[PDB]
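Contents: one structure, followed by commentary.
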Number of protein chains: 2
Amino acid sequence: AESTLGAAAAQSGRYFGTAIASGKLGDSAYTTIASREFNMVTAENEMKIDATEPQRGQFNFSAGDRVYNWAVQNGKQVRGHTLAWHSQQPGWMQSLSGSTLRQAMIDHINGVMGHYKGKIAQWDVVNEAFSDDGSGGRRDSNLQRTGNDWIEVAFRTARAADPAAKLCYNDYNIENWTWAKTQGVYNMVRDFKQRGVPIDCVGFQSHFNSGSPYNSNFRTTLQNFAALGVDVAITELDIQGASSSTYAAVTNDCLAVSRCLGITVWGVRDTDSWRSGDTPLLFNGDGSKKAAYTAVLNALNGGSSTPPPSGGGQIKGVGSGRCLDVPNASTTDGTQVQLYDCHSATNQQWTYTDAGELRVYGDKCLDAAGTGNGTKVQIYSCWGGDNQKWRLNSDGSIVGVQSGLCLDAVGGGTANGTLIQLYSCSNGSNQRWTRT
Amino acid sequence: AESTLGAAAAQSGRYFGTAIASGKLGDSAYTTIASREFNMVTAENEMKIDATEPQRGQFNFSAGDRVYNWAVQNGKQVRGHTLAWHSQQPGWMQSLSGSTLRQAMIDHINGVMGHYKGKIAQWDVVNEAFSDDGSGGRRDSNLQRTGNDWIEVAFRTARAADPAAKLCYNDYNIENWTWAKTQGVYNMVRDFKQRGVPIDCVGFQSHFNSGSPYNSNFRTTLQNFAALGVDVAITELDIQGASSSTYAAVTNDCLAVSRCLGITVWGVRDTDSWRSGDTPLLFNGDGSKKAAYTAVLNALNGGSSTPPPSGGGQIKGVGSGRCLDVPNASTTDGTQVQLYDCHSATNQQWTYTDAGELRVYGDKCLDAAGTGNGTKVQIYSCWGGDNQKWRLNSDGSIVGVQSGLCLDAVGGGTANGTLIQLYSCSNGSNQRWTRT
Ligand SMILES: O[C@@H]1[C@@H](O)[C@H](O[C@@H]2CO[C@@H](O[C@@H]3CO[C@@H](O)[C@H](O)[C@H]3O)[C@H](O)[C@H]2O)OC[C@H]1O
Ligand SMILES: O[C@@H]1[C@@H](O)[C@H](O[C@@H]2CO[C@@H](O[C@@H]3CO[C@@H](O)[C@H](O)[C@H]3O)[C@H](O)[C@H]2O)OC[C@H]1O
Ligand SMILES: O[C@@H]1[C@@H](O)[C@H](O[C@@H]2CO[C@@H](O[C@@H]3CO[C@@H](O)[C@H](O)[C@H]3O)[C@H](O)[C@H]2O)OC[C@H]1O
Ligand SMILES: O[C@@H]1[C@@H](O)[C@H](O[C@@H]2CO[C@@H](O)[C@H](O)[C@H]2O)OC[C@H]1O
Ligand SMILES: O[C@@H]1[C@@H](O)[C@H](O[C@@H]2CO[C@@H](O)[C@H](O)[C@H]2O)OC[C@H]1O
Ligand SMILES: O[C@@H]1[C@@H](O)[C@H](O[C@@H]2CO[C@@H](O)[C@H](O)[C@H]2O)OC[C@H]1O
Ligand SMILES: O[C@@H]1[C@@H](O)[C@H](O)OC[C@H]1O
Ligand SMILES: O[C@@H]1[C@@H](O)[C@H](O)OC[C@H]1O
């Protein structure tokens, strides 16, 4: 079922999930995508400390169960997030310290895991316990101030509460092997395994942005932890800008490590993101698939046999043999493109950007002035509009992110001068193109 | 005066205005920008038919004077918009026809211009009277069915009401000289001027987008109308995606036409735009100046003494005599840039795009990881974020759109390897650059 992320992921024995917000489950557009694309669910906030234990000793699972129920009803496994954490603690817990806090921490773990016993695949037992100052030490929080052994205690408590669950330590900025934080978590996990402290997995949040960017050494980081005898999981994936290349790279890294269980993107649509401003997810506001969605799916399906055109390249249609060409190498906005015999000419050299654009001349974008059939495909100044973004389907077609339509040679004409338009996608040779 | 659009425009005897919404005059961030940047105002809706005459015979100038007064008290002239139009007519007018309507049009023109007699610089007497079907003929409206001569009557009536006001015919899609609509309006005005019909100006709304793209022949259109003996004005300018080149082009088209009175953009911030989705204005919602803002300001001030580079060029520091360089021509995201002896190489070839990016390698963007002083300036995959958009100030400084900070050579360093950071613009030589 290589047509959806979850099913594609399943072809390598992995899962592909998302974070579900219970308040969005009544949104049909939202649930339609969520249910179809993922086979793993994480509650975005519903299973956190403040949501599950509002007052000390009083547990509440109405919010968490709404997410859980929806997940199982739709055939998805669930990752519990999160049991021990310095953030989003209910007021009563924030005011605790020392042994009083230590026991509350333990009491909380028993209460939540007990309620969900035998129903959770993975639990992020402890979340973000290391600092970002750069020395890879522990984050100073009320939890850490109860004693360095609090994490160990949390894991032992969790194991006893629900032995069927995989116990994960979850954190961010621990993807780049060169960062001190990453090495600090490694040493802790190694220490745990050596002394018999219960831990089965390490979750790498994977919140990538220009501040803490993706680095190919992520694969080694994954291998390094995997070699300690624990599984690894990409738990909260989102990339600032949503580079197609970066999304594909992350996917291939996980697929390269046998112990990488799966990938969870932190949200469904960009509009649902905790950082919508970074348009970091795979679907945009209107629910359409972004260029990065296609790159992720293709990556899950094993990628392509031959490497795409590195910088520049021509787009040749199979049912014509001609290359996508801008009439008379013009650079005037609003110029409808056409089919024409191939040759070395800039007005026939298109570049597919990580943003999903098909640029010509370096700053002119394949543009669609409309969303319906017949819409002329032209060139317009690049500005990032969804009508300037395209997805390159494995079947050789090129669909408009905004329109959902495919680049179509009018009347299936193959002769030179044949204009390009937007028409319902098919499989006709007048809609398939070959990178070169 | 050359730090604000209005002032820069004033240098050539022109003006630079915007459309003011009475409901936003209580928003200090709105007015802080409006009062500072523009010296001409058009009420976005407050002076239209339905707003000034909710019932035949009874005029309500409250909202209108609110805008007019704010304008005058803040040193701005006013464009009256608009006296006779098929849109936004009150309910009672939308039903009138023939004679009674013709008389209603006249009375309305008399009432409004009477109230504002001698206070209005330009009045859009007639708005959008030609259709977009491609015939080049009049639009079929209750107003047109009263007699093809309605437009002539409106102008004769207007001249009578207030002879001190320049009377304009305003429309959209009349910017491209090759369009039939444009010719339809051209012939009418030519006829009017010959037969003596009182008309002083033609307003070009200038709403450019992928559907009706800006075309360089726009200057030809302006020059052809100017030749007829009428003034011309860019009345409701907004460019989809707000390309710097296009904004600069339209500005130069006006500066090249002795009869072009000035330029008005249809709104203050992108969030105030009637078409926010197209982010077609000069200011972002947070109030920051967009790349296009600087392109317009530079254009109004007479452009750069030397013709700016055309994609893929070097950026050399004035104080160091060294170029903006990507260490070892690395392509990895997060790599901070440096200064280095200038030489022909891709890691020194920067392309400034219409969106305001400084690209390298084709799909890598000069990127600011944060917004405070000391923020590292690096390269990151291009995605259109404001932390990847820059303004090329005429003084040679390069300011980040998001941060409002200038590219800065750390500690005024001048040697190879000096790193680049963001910092408060200081006019220092380590913040000045020459593009070649
Ligand atoms: O709630 C959590 C967020 O607070 C957390 O924020 C991360 C903070 O660090 C960011 O990267 C920094 C970039 O600048 C360097 O100097 C710092 O050393 C880096 O840590 C990172 O991008 C943010 O996401 O993210 C996880 C949330 O749960
Ligand atoms: O007002 C509260 C909101 O600010 C709060 O926002 C949530 C904060 O956590 C987000 O998820 C985290 C992302 O970073 C990872 O490192 C963490 O592990 C995640 O838990 C979540 O997406 C936001 O919605 O939600 C509750 C509001 O009351
Ligand atoms: O609900 C009403 C709104 O829909 C209405 O929107 C205004 C419509 O006119 C816009 O200005 C015109 C843009 O097109 C040009 O050709 C015309 O000449 C302009 O007048 C204006 O910006 C919108 O706000 O406003 C009133 C609401 O009640
Ligand atoms: O205007 C006409 C187009 O609308 C028409 O479009 C075709 C519809 O059927 C699809 O299978 C074809 O691929 C598509 O081109 O083509 C003829 C043109 O005159
Ligand atoms: O209300 C009017 C709009 O309907 C009008 O729309 C234009 C129609 O033609 C297209 O080519 C243009 O892109 C589009 O803006 O614009 C003027 C406005 O007053
Ligand atoms: O390289 C940086 C200098 O360019 C920077 O210069 C300061 C800019 O702001 C002005 O108000 C100060 O007077 C001036 O010194 O200082 C920091 C340095 O790293
Ligand atoms: O765009 C076409 C150009 O590429 C070709 O060389 O000559 C014919 C033109 O229409
Ligand atoms: O990036 C620099 C490169 O351009 C120069 O040639 O050698 C030194 C490098 O740091």
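Chain identifiers are assigned alphabetically (A, B, ...) following the order of the sequence lines, protein sequences preceding nucleic acid strands; residue numbering begins at 1 within each chain.
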- Task: Using non-hydrogen atoms and a 4.5 Å limit, figure out which bit of B/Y214 sits close to chain A: side chain, backbone, both or neither.
- Result: backbone

- Task: Spell out, as yes or no, whether a donor-acceptor pair under 3.5 Å connects the side chain of A/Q378 to the backbone of B/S210.
- Result: yes

- Cut-off 4.5 Å, heavy atoms of chain B, and the answer for A/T246 is side chain

- Do other residues, nucleotides or ligands put more than 12 heavy atoms under 6.0 Å from the NZ atom of B/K376? no

- Message: I want to check something: taking the side chain as every heavy atom from C-beta on, are A/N215 and B/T332 in contact at a cut-off of under 4.5 Å?
- Response: no

- Message: With rounding to the nearest 0.5 angstrom, report the SG to CD distance, A/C382 to B/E357.
- Response: 8.5 Å

- Looking only at heavy atoms, what is the nearest atom pair of A/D354 and B/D363, with distance? N-OD2, 2.9 Å

- Item | Heavy-atom contact with chain A under 4.5 Å, split by part of B/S212 | neither

- Task: Examine whether an atom of B/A368 lies under 4.5 Å from a heavy atom of chain A, and if so say whether it belongs to the side chain, the backbone or both; otherwise answer neither.
- Result: backbone

- Task: Compare every heavy atom of B/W383 with every heavy atom of A/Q240, then report the nearest pair and how far apart it is.
- Result: CG-CZ2, 3.5 Å

- Item | Inter-residue atom distance B/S216.OG - A/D333.CG, 0.5 Å rounding | 10.5 Å

- Item | Distance, nearest 0.5 Å, that separates CG of B/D278 from CG of A/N387 | 8.5 Å

- Query: Side chain, backbone, both or neither: which part of A/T353 has a non-hydrogen atom closer than 4.5 Å to chain B?
  - Reply: both

